[PDB]
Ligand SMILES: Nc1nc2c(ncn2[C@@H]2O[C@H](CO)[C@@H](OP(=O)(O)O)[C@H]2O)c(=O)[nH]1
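Okay, so here's just one chain, in C-alpha cells, the form solved without ligand 3GP.
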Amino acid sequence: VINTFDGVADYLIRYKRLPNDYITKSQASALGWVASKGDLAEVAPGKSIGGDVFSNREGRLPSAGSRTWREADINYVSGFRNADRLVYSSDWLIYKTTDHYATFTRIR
C-alpha cells in the first residue's frame, strides 16, 4: 500500500493520478462510510480518502490563473481519519500538512 508523503508525491508525479488505494468521498459514501462513524476501513478495507477538490479558502497556498488543488489522506490505516494530508495542484506543486491544513510545507 502507498500512503506515505513521499510515496504518494512520487506516484502523483510519475502517473498524474493517485495510486489504486484512494477513493473519493462520494465513492466512500457509496460504500457506506459515514463521516464521524470512523468506519472507512470496515467498509473499504485498505482504502484511503483522496482526490477531492481542495478549495484553499484561507489563501494559505499559492494561487495562480487556472490553478486548482486536490487533497489526499496520508498515513491512514483504520478508525477515525487523522490530520495528515497531501495537497497537490493542477500544475504539480505538492504540499504536506500534519495539522489539518493549519500549516503547510512544500515537498515537490
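One-based numbering along the sequence shown.
Between the stretches 58 to 66 and 37 to 45, it is 58 to 66 that shows the larger average CA temperature factor. For the pair 28 to 36 and 73 to 81, the record assigns the higher mean C-alpha temperature factor to 28 to 36. In this PDB entry, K96 carries a Cα temperature factor that places it within the lowest third of its chain's modelled residues.
Heads up, the form deposited with ligand 3GP bound isn't pictured, but that's what we're talking about next.
A heavy atom within 4.5 Å of ligand 3GP in the entry with it bound is found for exactly one of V77, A64, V34, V53: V53. In the entry with it bound, at least one heavy atom of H100 sits within 4.5 Å of a heavy atom of ligand 3GP.
Using a 4.5 Å cut-off on any heavy atom, the one residue of 5 to 37 that reaches ligand 3GP in the entry with it bound is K25.
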